[PDB]
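Listed next as structure tokens is one chain, alone, in the form deposited in one PDB entry.
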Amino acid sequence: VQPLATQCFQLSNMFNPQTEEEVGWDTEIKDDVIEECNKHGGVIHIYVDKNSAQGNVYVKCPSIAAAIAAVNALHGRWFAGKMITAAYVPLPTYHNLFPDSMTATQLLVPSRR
């Protein structure tokens, strides 16, 4: 919505409310946005929630530069019969919700796509 290039964003189409029937299913959806973010500028935090209304996820980078290119790549894709979107978070509120993920000194890596 607004010119707030923050180091964080949320997707809205990565799983469905009736499509989980293994345990461990976050690992792949997590791996996927790890690819995208890595190919741009890396990412130091991921949270795939599972009880979202519009498939929301929560991702955080070391630097707005990574966020810029990552969001720019992510929104406008097609999931399996949906449009991918992302939006940026309000940093001055996000930093209060994740008082710990602020310090995240460790770029994650994938396991398997």
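Numbering starts at 1 and runs along the sequence shown.
Beyond what is shown, the protein has a form solved in complex with a partner chain; the following relates to that form.
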| property | result |
| --- | --- |
| Non-hydrogen atom contact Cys61 with its partner chain in the entry with it bound at 4.5 angstroms | no |
| Partner proximity in the entry with it bound: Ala80 to its partner chain, non-hydrogen atom cutoff 4.5 Å | yes |
| Exercise: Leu74 in contact with its partner chain in the entry with it bound, heavy atom 4.5 Å | yes |
| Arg113: touches its partner chain in the entry with it bound, heavy atom cutoff 4.5 angstroms | no |
| Interface residue in the entry with it bound among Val48, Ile68, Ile44, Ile84, criterion: non-hydrogen atom within 4.5 angstroms of its partner chain | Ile84 |
